[PDB]
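Only one chain comes next, encoded as structure tokens, the form deposited in one PDB entry.
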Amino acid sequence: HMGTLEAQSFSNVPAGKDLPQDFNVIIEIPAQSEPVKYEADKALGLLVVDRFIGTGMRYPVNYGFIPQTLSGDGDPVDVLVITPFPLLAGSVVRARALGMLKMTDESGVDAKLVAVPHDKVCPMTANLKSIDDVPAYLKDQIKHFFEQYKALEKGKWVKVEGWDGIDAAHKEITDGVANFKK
């Protein structure tokens, strides 16, 4: 939020080709990357060094956002995109939803969409139709990551509620696209 006195790239990427089923994700943090959190400055069209993760824990899945969306929290809709090889930071991928990881943090709701590329793009993930198809070990791994990664950030905490499905994820997209347009 910029104040009245002062206020006197990425933003041109569409949210999706066929929302909410077919959406675009701009990658911020590749899976397994060294433990540095980058957050897109949507104005500037650049990735910003946001935090050196105090726990040194790495994202177990790629992390990114859907451009032209605004979730309640002030963030765009944030997305975890599962792939067999980490994606390049700052790249864009066409995606479909598997579901939602429901969480809350010290500041409020903190839900993350779970997504994969389209089947034609990534045949390796074609077998994942919904959140329930994601391997148990990987869902547990993703949950534990969110619960623990900010553990050494003063003031901060994260609690996971559980998972929800495709309908829940489409609602987040729908709402986020609506919010961004006012």
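If you superpose the two forms and keep the largest set of C-alpha atoms that fall within 1.5 Å, you have the rigid core. Sequential numbering from 1, following the sequence displayed.
The gap between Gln8 and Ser9 holds 4 to 9 unmodelled residues of the deposited sequence. The question of which stretch, 117-125 or 57-65, has the higher mean Cα B factor is settled in favour of 117-125.
Relative to its counterpart among 144-152 and 29-37, 144-152 has the higher mean temperature factor, C-alpha atoms as listed in the PDB entry. Of the candidates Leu80, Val77, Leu98, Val109, the deposited coordinates give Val109 the top C-alpha B factor. In this PDB entry, the Cα temperature factor of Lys139 sits in the bottom third of its chain's modelled residues, the lowest group.
In the deposited entry, the Cα temperature factor of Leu46 places it in the middle third of its chain's modelled residues.
The following text describes the form deposited in another entry, which does not appear among the structures shown.
Fitting the two forms on the rigid core leaves the C-alpha of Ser91 displaced by under 2 angstroms between the shown form and the other one. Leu70 shows a C-alpha shift below 2 Å between the shown form and the other one [criterion: core-superposed Cα displacement of 2 Å]. Core-superposed comparison between the shown form and the other one: the Cα of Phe145 travels less than 2 Å. The gap between the Cα atoms of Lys139 and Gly54 is smaller in the other entry, by no less than 3 Å, than in this form.
Relative to what is shown, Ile142 and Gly54 are closer in the other entry; their C-alpha atoms differ in spacing by at least 3 Å.
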